[PDB]
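We count ligands from 1, going down the list as the structure has it; atoms in each ligand are counted the same way. Numbers restart at 1 for each chain; the letters A, B, ... are given by sequence-line order, proteins then strands. FYI, side chains are in, hydrogens and waters are out, and symmetry mates aren't considered; it's all heavy atoms of this structure.
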Amino acid sequence: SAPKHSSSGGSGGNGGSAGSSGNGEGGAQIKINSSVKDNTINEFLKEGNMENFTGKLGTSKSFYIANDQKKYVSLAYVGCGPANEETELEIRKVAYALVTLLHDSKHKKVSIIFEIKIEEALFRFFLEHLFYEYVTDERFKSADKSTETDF
Amino acid sequence: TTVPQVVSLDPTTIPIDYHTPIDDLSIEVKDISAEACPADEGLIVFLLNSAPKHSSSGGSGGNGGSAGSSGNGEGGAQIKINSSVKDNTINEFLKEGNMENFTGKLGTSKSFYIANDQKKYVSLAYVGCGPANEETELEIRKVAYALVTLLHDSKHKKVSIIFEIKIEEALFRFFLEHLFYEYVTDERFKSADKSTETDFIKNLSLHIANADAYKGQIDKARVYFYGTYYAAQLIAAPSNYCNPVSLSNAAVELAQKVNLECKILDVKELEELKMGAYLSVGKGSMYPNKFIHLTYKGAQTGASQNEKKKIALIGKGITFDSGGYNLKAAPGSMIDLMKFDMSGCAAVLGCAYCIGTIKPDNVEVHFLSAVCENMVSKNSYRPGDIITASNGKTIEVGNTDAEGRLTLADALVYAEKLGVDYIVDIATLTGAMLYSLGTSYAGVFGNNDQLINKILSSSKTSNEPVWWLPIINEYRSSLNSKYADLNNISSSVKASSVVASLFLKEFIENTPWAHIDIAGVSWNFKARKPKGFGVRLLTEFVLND
Amino acid sequence: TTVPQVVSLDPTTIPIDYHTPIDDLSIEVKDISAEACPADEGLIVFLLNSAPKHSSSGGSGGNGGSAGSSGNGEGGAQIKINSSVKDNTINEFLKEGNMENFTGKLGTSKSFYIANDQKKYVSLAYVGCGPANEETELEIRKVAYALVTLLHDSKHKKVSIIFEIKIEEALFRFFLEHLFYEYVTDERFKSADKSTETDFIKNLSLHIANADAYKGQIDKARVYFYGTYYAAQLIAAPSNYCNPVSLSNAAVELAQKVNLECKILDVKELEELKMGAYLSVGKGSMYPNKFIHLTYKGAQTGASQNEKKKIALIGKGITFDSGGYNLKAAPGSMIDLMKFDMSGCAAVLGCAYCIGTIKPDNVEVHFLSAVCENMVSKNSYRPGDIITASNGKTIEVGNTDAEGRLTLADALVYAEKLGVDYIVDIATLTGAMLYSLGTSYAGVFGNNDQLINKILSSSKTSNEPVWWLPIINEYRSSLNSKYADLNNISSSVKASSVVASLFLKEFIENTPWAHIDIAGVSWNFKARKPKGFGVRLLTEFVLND
Amino acid sequence: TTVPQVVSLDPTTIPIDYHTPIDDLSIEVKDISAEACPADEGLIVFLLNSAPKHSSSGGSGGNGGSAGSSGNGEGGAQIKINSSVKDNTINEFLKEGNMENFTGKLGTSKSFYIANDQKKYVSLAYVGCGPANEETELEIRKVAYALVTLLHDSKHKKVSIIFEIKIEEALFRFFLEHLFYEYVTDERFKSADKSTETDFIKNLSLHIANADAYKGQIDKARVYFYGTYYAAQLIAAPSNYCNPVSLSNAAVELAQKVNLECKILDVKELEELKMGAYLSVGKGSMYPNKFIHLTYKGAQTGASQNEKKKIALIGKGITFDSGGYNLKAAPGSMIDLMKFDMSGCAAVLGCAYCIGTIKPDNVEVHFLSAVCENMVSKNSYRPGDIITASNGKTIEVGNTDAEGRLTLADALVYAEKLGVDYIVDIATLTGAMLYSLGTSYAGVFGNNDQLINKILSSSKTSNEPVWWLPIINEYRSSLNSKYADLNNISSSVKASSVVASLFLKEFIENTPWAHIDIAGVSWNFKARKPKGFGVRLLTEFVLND
Amino acid sequence: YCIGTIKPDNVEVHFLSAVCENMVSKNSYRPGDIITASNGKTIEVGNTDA
Ligand SMILES: [Mn+2]
Ligand SMILES: [Mn+2]
Ligand SMILES: [Mn+2]
Ligand SMILES: [Mn+2]
Ligand SMILES: [Mn+2]
Ligand SMILES: [Mn+2]
Ligand SMILES: [Mn+2]
């Protein structure tokens, strides 16, 4: 999340409550990206296509868009919360929002971009909880048994 | 009339939004044989049926219909968008499908912003509806819920929905109404996120096959939606906001703007009608008892071409139900949700709005409700008290928490003296409806088979699930009292809904009567909000007489 | 097979009376056109209706017909005039002013020993039936109950009953059956009061108007009485007498005396059928699991006379239901009455007797029942266990007290593999039926409307009240399990009967199926005895197919 | 202001003893290097540690100072009082050990009247303290309890206590205070047993080693004792004596006698502050809502000597807690002890006495408390009501028994507008603290680590056990409401204290804040009296700023 | 009634009864209240149902 201490669409905290209606001047969530393509790597780049994201926590926005050659790529945005208020609860919620995007068999190759500043232990924990949410337990099902090769 | 206050910070009015964002929504229905939507569009949704094969090797198929081969899972086919959207270099992508992992079970949407012939992103979407012709009201509710979760992105001022499914016209109307009901949120009691901005939708273009048979449902869906939303707004209001006087004022103000004859009765004129059972329930409250009596008189289009059906609709109308001295102390008593015990009255008032707007002909509806509170105080009625109703029968109050059937008894005796043909009451009477029909069907009892058949035929059209339940005259002696004429509860019978209708059947003399028990279906427990159940059912009942 | 014993004083058999006082009771039906009764016959009963209507103050019958000029009771004279001069010319000298102050509301008998023509006393009586045409099954039950209380005087070896009421033929048959059921007493478990004596009746004359339309119901009433009496004898037997082994032995004996194909399945052949859900319930018992499979093959009276309907009737069959590790410890759990949890199996066995005696044509019935106990021990199944049914689906046991639907699931998968047209399960499944329909109506669920209509039309004739209840597919996702295919109970739905029917609907593939929930209507709580519910219903269903 | 009365025998004041036996008790501390006590004395006590023996196989010495140590009760030594005594009739009566039975575990007193130089019996005694250095607050409480049971003999006007144990100075002060607290008895509500007599002590000599480091604690112990005794007198007063009006009168009187600025706020000025959450709780009472606001302004000893710390201390103050419409009906609800629900307010008032007497410098404390009742009547607030706090947030009342956090919310919004550096609440908030820390430790929550460290460091010195508990922001979404800003209780989280702290954290904007949950540690259940918990803790917190 | 009708001799009966209700209101006595009787003894109300 870009802004801080405002109340028109979110909660503040009064670390300075000088207006900021709609966050007022807290800004957008423009990303410092280097995605090499042009079509789907310019809007999700310097340009602005952040229509209603407002990344509270979870609240993803997946979309299959064609990246400069062909082949809709399904770029996505996932919300993590304020800039440095990242704890294990935030990481668990983000991993849960991210595996709900991964449950589409169309993806055999995934790229995750960390525009957030987190520790190394928290990075390890993000990886582990991503794996833990991704892998499902199917040992006691009659149908739904033979795990497909779409991971 | 003035609402009594304990402190000066008490509320004096129910806040009501008489103007919804749906009033500004411009809707239009075009035949699916010419779309031309995506070129300069904002959002496009596709409702697609799943294609489950003769059996599922992992696809959750069910039975062996005409075969049981079940190859490749359920590989009988794959979903393909059988309509092209005339945006010529868009409909190309429509013929290619690009259906990567959709498998439209139910809900399970896939929002995606493919670019148009401009660096604009349209956010085309696909929403799953289920098998090809197994579309009921549950499917429609789930699809509307999945579709409003895509609408909560303020980027869209013009939505466009494409119906690749084959549904009825009543189901189409119900889809529209439930879409509106999910879309509009209640923000009357918030402090932040209060002032609504310009983020809502301004256009809604629906594309369906044979659209001229559907474009008569638009105005009916707007009226039905607002009736349901008004009712849900009354139910969701807390009891420090919705008291008997506040609700009386709301009914007056509603009848003022739908041009109904309002007539509120006070305790002075309730004592002259001998309404002792209704008065004993409201004794122990700080708010006076208010009896609402609205009236819609249709325009006589035919002197003898028809007969003027006179109907009386009655609601429970208990703004808070603590149980009285039989206090709701047990586990699972749901005393925190007992603000919804006026759901029948709210349904009657919503249907009053609906019928004052539609204005049917050759009909006369009486909208009755005995509003009161069931509170504990020193003026409360006590378990064991003997009260006299308006027809003369004496009732022993074996349970102060069975208070709705007393106010309904007095209201029924009042309704029979008006001279109506049908009496239909609707009430959140018994908590036993949750163990019998659950949270999806409302039970209907009665003393006339033609009236119950009319109510069921109107439940078909309005898509409000009603199931006919029996009035078992074998438990009638369990209401026998040693000293009074009746007891209000059963001694050693646990079918509380059947006993409640047996009790209420003793106050109807010679009139066709039915009772709709909505105790289980009023509150949506998972969403924590009211459903507004009953408005569309009662409206479609009145309109088809 | 041999019943296991903990101590040598354990019982090894269910005591069954195969010969009732009714077997030697000579019945006869003669037209009321000639009585010739009073020649010294121990008892003479008169069934008389209430004379007036539409009044109150001692004859309260609601309002709606005239409601005017009651004066001193009813609007008219309000006294009954007995026809049927009783062909003596000196007993008809008593049809003048007896005037019958009993005013026969319902029951209200009045016995009296007038003298006939010499110094013997005939004990003529009058019994009240109610209004002149509002005669239902409840009235008939109450009249039979009042009439046996006059029959418990050993002075009567001959009885004459006079029907001055106008009733149907099916209701006349039901009156006969319920009279027999009230008359005979269960004396199998007494120490004194054991040796039955001559005191029973030896003749029974029934005088009815146009009796030739009724005298075909006599044999059917005898067969139906004994089927119901056999079922009630099985249900009334305690669990140290009625265990799975004793019950399978009783079924073998029954099939021997009515010439059915008996086939009991032991645990060895149930393990090869993969009946894991039925075996897990019976794990923690000291008695082996027994699967009864009787078969009636009707005589093919014609090759292409009809289509041979093949029916499978299934009963629950849990000889004792403790709850397992979800022990029945809560108040109102009725654990001392849980011997009645084999009422479905007992109804199926009584119907087996009825159909083996009647021997219909062009029908093939399969009488299935998976018999076990639900005990607490160290070998019992636990809450959370995952078991596999015989069709493959795994089931998570979220509640060990929901054990009837698991054994019924396995029995249903077995019945579907026989190749039948209809499956009808009957079971005391959910204790929630007591809050939905109470103790008088059984609820029927199903997946086919023609089969449910057949069951309702056969409940009309057998006079066993059945009410059609809905299978609500909205609650199907509350049976979803994280690890198994289904859970056996619902997370956050209290409609227990609808959820049980949803669970059982998952084990039927492509067959018309219905399920009768008799949990509430099989035990007569006021009389502390079983009703035998379901025998006549199932028999009339089979006989009309 | 005047206390309202239902009957004329209603009490109109809280009886308070402003003069205790301790005020007349002359205390003196002299070094143990010269006792000279028993020369013309009345009572002498000796506090002696358990003599260390071994890994005791004769009493279970506990852990492994040695493996087994081969001691078994006689491991290393026995006890010997090696300090002094003056009169050598008894001085040389204990020099030869003379114990022979003692083994001073904990408590375990042995009083005995030996003559000395007269026939005067002096009643020298011995009290056990435990191991030689494991002296904590629990040991000191037990020793003081055993020592007052020897003081309840009126023969003693002089007492000498000999400290042969090695303890700190804060623990010596705590010993003095708890001795005084056990000694004085509350006799305000007796009929006999009222008129206190001369029997109390008039002198108290304490002989300790290096006594000049201890004789500064005497005045602090007297002030702390009276603060705790005042608080316990308020808590022990029943609710017909301690109502909001009586309590605000008591606060006015206290502020008058310790020279604080009293300021009581009535309902008129609370309606203008928009304190709707605090007024809704007190709606249904017969007593008006009172808001106590005392103020201590320390003498600015220097202009820029320090920064003048401004502290706000807040107490819960619910003179009787019935639960409201969520009545305390369940078992173990302790509704007869709910008079102690003003223990936070009483601790704040006792601390007000302590700080008005000590008069620290460079500090400004605000003693706030929102006093009301939580009663059931016809004017009370109901479950589901939506109320507005004085900062604008709306609150849905999902439970009327969670009333302390609403009044605390309003008091916190009031305290933040004063402009303080620290806010500290103290409240008997959640009955769940009994399952988490029991009856000995109070839990402290907070939003600042330096403030919590200050509270813990002041619990070290005051010897009131406090344990730091976490505010878990993961449960914040369980307080989300559909219609209001927050709910006052949690949907599906049972950690009630963490949820209460999460709720209160929503009404603090930018101020260091901490909250002490004393629900479990304020009532001594075994002695059936209040502890007075929190007075010494809050005083030592304020004095060390 | 029976004794006013029979009218026995050499007897004097006092028929006493303290009539009241035990209701829940905002004027009710609470669990824990301490009340004084007519002989002076104070009573702690540990249970309002007794
Ligand atoms: Mn109620
Ligand atoms: Mn109610
Ligand atoms: Mn069970
Ligand atoms: Mn069972
Ligand atoms: Mn409380
Ligand atoms: Mn409290
Ligand atoms: Mn009592």
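For the 3.5 Å distance criterion, the side chains of C/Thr430 and C/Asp517 qualify, holding a donor opposite an acceptor.
Ion pairing between a basic and an acidic side chain is recognised when a charged N comes within 4.0 Å of a carboxylate O; B/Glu373 and D/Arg382 show such pairing.
Protein contacts to the Mn ion (ligand 2) involving N, O or S atoms at a distance below 2.8 Å are B/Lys316 NZ, B/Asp321 OD2, B/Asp341 OD2, B/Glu403 OE2.
Between C/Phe445 and C/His515, the angle of the ring planes stays under 30°, which puts this pair in the parallel group of the 30/60° scheme.
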Go through the steps for B/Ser436 and C/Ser436 under the test side-chain hydrogen bond (donor to acceptor under 3.5 Å, both in side chains), then give the verdict. CA-CA 5 Å; B/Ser436 100; C/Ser436 94; 5.6 Å; no

Taking distance alone, no hydrogens or angles, what donor-acceptor pairs closer than 3.5 Å link side-chain atoms of residues 341-350 of chain B to residues at least two apart or in another chain?
unit_1, atom_1, unit_2, atom_2, d
B/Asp341, OD1, B/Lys316, NZ, 3.1
B/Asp341, OD1, B/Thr428, OG1, 2.8
B/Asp341, OD2, B/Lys316, NZ, 2.5
B/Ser343, OG, B/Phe340, O, 2.5

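Remark: of the listed residues D/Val397, D/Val376, D/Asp401, D/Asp401 is the sole one forming a side chain to side chain contact (heavy atoms under 4.5 Å, CB included) with D/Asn326.
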